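Undergrad: This structure is in structure tokens; I'll ask about it shortly.
Protein chains in written order, with the UniProt record's numbering: chain A, 121 to 849; chain B, 121 to 849.
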């Protein structure tokens with residue numbers, strides 16, 4: 121009879137870039153145990169107080185006059201504010217630029233400048249743990265200022281442009297392991313500072329072509345350690361923020377099998393003790409070591425090793441205020457189905473006779489992160505995939521022997537299943553965020569009542585926006601292969617009819633250590649053509665996906681580009697039995713490492729039921745892992761330079777021979793740093809040798825991570841225009 | 121009978137590259153009036169004599185033994201033979217490789233090496249006019265040997281790699297102005313050598329990217345002087361071949377408007393007096409000067425100046441045995457219809473007040489090049505377009521005041537309109553080649569009887585191949601605009617009908633000073649899709665084409681891409697009025713500058729009758745001539761660096777902003793030294809800002825001219841694969 125449906129307008133790419141979808145996430149942070157910063161919601165910066173419904177005003181709409189200051193931060197004494205403004209990052213997030221100081225009420229902007237230098241570009245200044253003391257880095261040089269008027273102190277200047285780094289990560293550390301642009305850590309007392317010195321003099325330097333600069337454009341050189349080369353030298357140093365500012369280097373472990381080392385984690389156990397994680401070049405040996413800032417004597421506190429490699433080396437254990445027993449996380453055997461990542465409690469100074477290992481929890485799941493620990497009793501707060509590997513939920517257990525796990529969220533709000541939290545100083549309250557599968561939900565809760573006092577932010581404009589069009593139907597049809605349950609999702613355009621036929625799209629990431637099937641709210645081109653152009657998209661997480669077992673992670677080890685390839689063909693076959701899906705119009709997309717996988721998924725199924733994919737695409741693919749970063753190829757296939765016998769067959773060229781009639785497209789910016797253009801050039805040479813058919817598209821002189829909104833709209837429009845052409849018939 | 125025969129074979133991509141379609145050329149060259157070299161036809165080389173059928177066996181099937189030397193020459197005494205094996209082309213024509221000397225009959229090889237040097241590549245050797253004297257250039261250094269057994273002498277070694285060239289042209293001279301790699305001329309007595317020293321010390325440098333060299337490829341630098349930049353500085357030198365062999369240089373003219381000059385043409389007038397043509401950087405002031413070889417003193421002879429530029433400065437003069445009055449080609453006003461090229465007699469020593477100018481040929485036509493002149497009477501032979509601008513005919517005039525121009529070729533063979541005649545020393549016998557409009561043949565004739573004693577070659581393989589395949593039907597439909605006639609050639613697959621519709625495809629090159637519509641025989645992609653799929657190809661010589669009036673040549677002065685495009689849409693409208701050509705299928709094509717012209721034929725013709733074209737493409741086009749060499753940009757637009765305002769209006773970007781639905785593609789190799797990939801990259805950047813659909817392909821690390829046949833056939837296959845998809849409906 122009357123079949124009720126949406127019966128209204130659909131979702132186009134244009135509205136994706138509208139401010140209506142834009143999330144005004146305040147991302148507040150607890151300044152004290154009673155209140156947080158309460159960052160910008162729709163402009164000016166207020167300061168909410170959780171105790172009694174107090175929302176004080178700290179910064180006004182004067183940030184507009186500060187040359188549109190992108191970033192701002194408040195000093196711990198909430199009397200001075202730093203405003204940093206620039207034009208664009210460099211690698212992934214190079215938040216350099218001009219740093220200006222302003223008073224707490226308003227006014228008086230002064231550009232922070234290095235001594236004897238006018239207003240000049242500045243990489244990072246930041247704030248100390250206490251007072252108005254701060255540092256700043258210029259030209260890989262760390263200077264300290266005890267006060268606002270204090271003259272810059274030449275604390276260290278041994279760093280050089282692209283050769284010696286201190287306090288900041290190079291390309292490798294910022295893009296492979298440390299993942300952070302800032303690489304220095306303040307002592308709890310605001311008196312000592314730990315900084316990493318990276319020597320890149322030995323690293324080979326590659327130059328990126330330029331085609332937009334001038335009539336005679338010049339290449340841009342930076343050091344990029346390829347697979348089989350030597351890795352950049354690393355050292356750790358400790359300096360004082362007052363008095364002599366004495367520099368103390370930290371002695372690394374000297375195991376016979378651990379000649380070359382990387383620092384994957386440092387944390388201030390106290391104002392003089394630092395916990396450092398050192399990983400061998402083979403990445404199969406990790407050591408947690410306690411070092412003395414004032415002495416430099418490093419005492420090993422823990423050691424682990426694995427056959428393939430060590431995963432998740434960036435974690436920070438929860439150290440008590442007094443330096444007592446801490447809460448690490450590591451891979452415990454967890455019975456069968458491989459070893460799982462669980463929380464462990466280790467004494468303050470474990471004896472060499474034995475370790476104090478004790479799993480706080482247990483189960484076929486993992487802890488993504490450990491939030492914090494309450495010294496006032498038995499409370500350990502963490503985020504885990506206990507309910508499902510595809511969901512992140514906040515859990516709390518007891519440090520005492522009971523180890524009883526207490527829920528905090530477990531569907532606190534039915535709309536949202538993903539979760540993250542940030543507790544106050546005294547663990548009294550905590551900010552909580554949903555960000556999936558509903559609209560991102562920012563709220564304040566308390567550990568005792570577990571009740572929402574009020575709504576910090578909900579973005580009801582996003583609510584009416586998603587309720588204003590044909591929101592695509594989200595569902596899961598998980599598959600099962602070997603002794604593993606492989607997750608996946610499939611989308612419907614909310615006008616789905618089982619009788620009618622819909623073309624299929626596959627999207628692959630497959631990054632070893634990542635997950636593409638998660639219950640986090642996200643909107644992308646996928647929704648753009650699902651809602652408008654009527655497609656069904658497949659996200660699959662084959663073997664090698666993280667958070668589902670170390671055995672699953674290491675299945676693909678020394679078999680890159682082989683097993684997950686079977687995983688996605690199996691997923692395609694399983695969904696191909698559907699009567700509502702089209703077999704002739706099947707497409708595949710990928711990007712980054714998955715882009716390589718996207719190139720490797722152009723088969724001829726058997727010989728009679730061939731022509732699996734109609735149109736294919738890939739963005740910044742990797743063709744030879746030798747031509748990529750060493751810390752990745754060595755990690756997942758073993759160290760190169762000794763004829764590893766693993767990078768030959770993994771080259772996609774040997775598989776791209778056939779390419780009968782598949783419409784194949786490549787998107788690649790010219791100036792990519794993460795995944796050099798040489799991969800695309802080699803693939804093009806192979807295509808030419810193979811008489812293949814393709815259509816290349818290029819972005820001249822653009823960074824890899826591609827952080828321009830209008831350019832992103834152009835890219836997604838090009839993608840959908842390509843894909844609509846092959847689905848149309 | 122129960123049997124029948126269907127249609128015969130058509131032409132495909134493989135057919136173009138099939139062995140049967142290969143053209144056989146003997147390229148015989150006179151040694152005297154009686155015998156010529158009679159170079160390779162199908163293997164062995166004879167020494168044919170015109171007088172009585174005497175073909176002396178000189179070269180046999182031993183050329184294969186020396187590692188298949190691509191090029192080879194014979195010493196002027198016919199006693200030594202030089203092979204050039206392992207030769208690879210760097211530029212359009214750079215015969216760098218290994219030279220080996222051998223005895224005339226067969227056997228006894230001898231590597232040609234400079235002293236104290238092992239087996240090394242040599243860029244060029246050449247031969248002297250007499251005996252066994254020869255030279256060779258190594259590291260841009262000229263070493264001369266009076267004898268084969270003579271030790272190599274450091275005759276001149278000041279040359280530097282890519283900075284100082286002696287005896288060889290740079291990029292600019294080999295490509296744009298001199299149009300030949302060789303830059304040394306032997307004296308008629310073979311006693312002194314005239315070579316041009318090109319200095320690149322003050323020339324800007326550009327680095328071509330490399331994406332395949334190694335795991336760590338690096339750019340290759342070469343000096344490419346852009347528009348308005350500092351051009352390479354040319355000096356001229358003469359080195360004796362006996363005694364001290366002291367070098368002498370000839371001072372150029374010192375005209376105030378001619379501060380920067382180039383040596384466009386040089387030829388030994390006598391064994392001691394040499395004629396040199398010096399042209400200003402503005403390329404609008406040329407001076408022909410006769411200079412003493414053993415002294416270097418230069419005496420100015422002739423001058424030519426035009427408001428736009430000068431054309432065909434490469435024309436080689438015709439001198440006498442005694443160095444008397446010589447023959448020149450000048451654009452004399454010729455009354456109406458603009459100035460025209462005609463032969464002029466200049467006395468041996470014209471007076472300083474006035475010269476002895478006297479035109480020989482007259483009419484609304486031009487002499488392409490003067491073949492030769494006979495002192496024993498009055499016989500000057502040349503080729504001219506007197507019959508038609510798309511035909512070349514041999515004409516012989518008389519130096520006596522009568523000036524009787526006799527056509528000798530005219531209609532010697534019915535299937536021969538284009539002609540190429542090469543006369544002997546005594547001019548009694550010459551060699552004639554057809555090169556169209558059918559299969560080419562080479563024949564021996566005598567200027568007296570015009571009698572074919574015998575045929576040198578007929579290209580029987582080509583005749584049988586064209587008989588076995590659908591030869592396209594050649595027809596002409598010329599157009600008229602203003603005071604200029606623009607010939608055009610539309611092609612048919614020899615099976616034209618009216619019931620079917622034939623898709624239209626325009627091909628444009630339109631290089632100023634060149635001819636694109638002519639009766640030459642050629643096989644290319646046009647032949648393919650006319651034969652394979654019947655896409656009618658339209659080629660027209662709009663404004664800017666040469667050999668049809670220096671007024672037409674100079675019409676597009678500083679007005680590039682503005683009048684030719686008008687003429688092209690005029691031709692398109694004239695042709696499209698025929699019903700058998702449809703509206704939906706309209707395509708454009710081009711290469712190099714024509715590719716840019718191809719990019720300029722995608723407007724929106726009004727708004728009601730939009731969609732002017734369907735699929736368009738280009739091969740390494742140019743969008744802004746500032747990114748081009750000075751010798752090409754300044755000639756037509758003037759010197760840059762002072763905001764010439766005739767460069768920035770030529771950009772196609774504003775004209776391709778709309779690009780609503782027309783498909784657009786680019787073919788461009790990575791290392792294109794002719795038109796840099798920077799042009800295409802900037803075009804793509806504007807298109808991204810223009811937000812229009814496009815495509816692109818890359819040939820990584822190859823030159824512009826596609827010296828390997830495999831790359832050429834891949835290009836042709838790619839072109840046809842693109843053009844088939846944009847028409848079928």
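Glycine included, every Cβ here is placed at the ideal spot set by N, Cα and C.
1. Name, going along the chain, the residues of the segment 339-362 of chain B whose beta-carbon falls closer than 7 Å to a beta-carbon of chain A.
2. Determine contact between the segment 775-793 of chain B and the segment 779-787 of chain A, defined as no fewer than three beta-carbon pairs at a distance below 8 Å.
3. Is there a Cβ from chain B that is less than 7 Å from the Cβ of residue 770 of chain A?
4. In whole angstroms, give me the CA-to-CA distance for residue 199 of chain A and residue 304 of chain A.
5. What do you reckon, are the CB atoms on residue 772 of chain A and residue 720 of chain A nearer than 7 Å?
6. Report buried or exposed for residue 511 of chain A, applying the criterion of at least 16 other Cβ atoms within 10 angstroms of its Cβ.
7. Assuming the contact rule is C-beta atoms closer than 8 Å, residue 630 of chain A and residue 664 of chain A should be a hit. Round their C-beta distance to whole Å, please.
8. Less than 7 Å between CB atoms is the rule here; does residue 820 of chain A satisfy it with respect to chain B?
9. Please give me, in chain order, every unbroken run of the beta strand (DSSP E) with length at least 3 that falls completely inside the segment 200-248 of chain B.
10. Taking residue 561 of chain A as the query, report the chain B residues whose CB atoms sit under 7 Å from its CB, ordered along the chain.
11. Return the CA-CA distance between residue 499 of chain B and residue 484 of chain B, expressed in angstroms with no decimal places.
12. Assuming residue 260 of chain B and residue 246 of chain B form a contact by the criterion Cβ under 8 Å, report the distance between their Cβ atoms to the nearest whole angstrom.
13. Residue range of the beta strand (DSSP E) that residue 804 of chain B falls in?
14. Which two residues bound the contiguous beta strand (DSSP E) that contains residue 494 of chain B?
15. By how many angstroms is the C-alpha of residue 298 of chain B removed from the C-alpha of residue 434 of chain B?
16. Kindly list the residues whose CB is nearer than 7 Å to the CB of residue 585 of chain B, restricted to its own chain and excluding five residues on each side of it in sequence; keep chain order.
17. Count the other C-beta atoms from every protein chain shown that fall within 10 angstroms of the C-beta of residue 349 of chain A, then say buried if there are 16 or more, exposed otherwise.
18. For residue 439 of chain B, count neighbouring Cβ atoms within 10 angstroms of its own Cβ and tell me buried if that reaches 16, exposed if not.
19. Give the range of the alpha helix (DSSP H) segment to which residue 609 of chain A is assigned.
20. Should the segment 667-687 of chain A be called in touch with the segment 629-648 of chain A, which here means at least 3 C-beta pairs below 8 Å?
21. Considering only the alpha carbon of each residue, which of B/496, B/437 and B/451 lies closest to residue 431 of chain B?
22. Given that residue 327 of chain A touches chain B, what residues does it touch there, using C-beta distances under 9 Å?
23. Taking beta-carbon pairs under 8 Å, can you tell me which members of the segment 670-685 of chain A lie near chain B?
24. What is the DSSP secondary structure of residue 817 of chain B, reduced to helix, strand or coil?
25. Within the segment 647-729 of chain B, note down every full alpha helix (DSSP H) run reaching 4 residues or more, in order along the chain.
26. If you measure beta-carbon to beta-carbon, which residues of the segment 728-754 of chain B are closer than 7 Å to chain A?
27. DSSP state of residue 431 of chain A, grouped into three classes?
28. Would you say residue 801 of chain A lies against chain B (beta-carbon separation less than 7 Å)?
29. Quick one, which residues of the segment 503-519 of chain A are near chain E if we go by CB-CB under 7 Å, in chain order?
30. Starting from residue 294 of chain B, trace the alpha helix (DSSP H) in both directions and tell me its first and last residue.
31. At a cut-off of 6 Å, is residue 521 of chain B close to the ligand PLP when judged by its beta-carbon and the heavy atoms of the ligand?
32. So who's on the other strand from residue 136 of chain B, going by DSSP bridges?
33. Return the CA-CA distance between residue 325 of chain A and residue 342 of chain A, expressed in angstroms with no decimal places.
34. Any C-beta of chain B within less than 8 Å: which residues of the segment 826-847 of chain A qualify?
35. Does residue 805 of chain A get closer than 7 Å to chain B when you measure Cβ to Cβ?
36. In chain B, which residues lie with their C-beta within 9 Å of the C-beta of residue 332 of chain A?
TA: On the basis of the supplied data:
1. 339 and 346
2. no
3. no
4. 24 Å
5. yes
6. With 16 or more Cβ atoms within 10 Å of its Cβ, residue 511 of chain A is classed as buried.
7. The beta carbons of residue 630 of chain A and residue 664 of chain A sit about 7 Å from each other, so the pair counts as a contact at 8 Å.
8. yes
9. 200-209, 215-223 and 229-231
10. Correct list: empty, because the minimum Cβ distance to chain B is about 36 Å.
11. The straight-line gap from Cα to Cα measures roughly 22 Å.
12. Not really, about 15 Å apart at Cβ, beyond 8 Å.
13. Element bounds for residue 804 of chain B: not the beta strand (DSSP E) but the alpha helix (DSSP H), 797-810.
14. 487-494
15. 7 Å
16. 140 and 141
17. buried
18. buried
19. Looking at the DSSP string, residue 609 of chain A is not in any alpha helix (DSSP H); the run it does join, the beta strand (DSSP E), is 608-612.
20. yes
21. Ranking B/496, B/437 and B/451 by Cα distance to residue 431 of chain B puts B/451 first.
22. Neighbours of residue 327 of chain A in chain B, taken as residues whose beta carbon is under 9 Å from its own, are 327, 329, 338 and 339 in chain order.
23. Taking 8 Å as the Cβ-Cβ cut-off against chain B, none of the residues of the segment 670-685 of chain A qualify.
24. strand
25. Those alpha helix (DSSP H) runs which fall completely within the segment 647-729 of chain B and span 4+ residues are 670-675, 684-696 and 712-719.
26. 746 and 747
27. Residue state, collapsed to three classes: coil.
28. yes
29. Chain labels in this structure do not include chain E; the protein chains are A and B.
30. 291-295
31. Within the structure as shown, the ligand PLP is missing, as the structure has no ligands at all.
32. Answer is none; residue 136 of chain B lacks a bridge partner.
33. 5 Å
34. Correct list: 831, 834, 837, 838 and 841.
35. Output row for residue 805 of chain A: interface = yes.
36. 798, 801, 802 and 805
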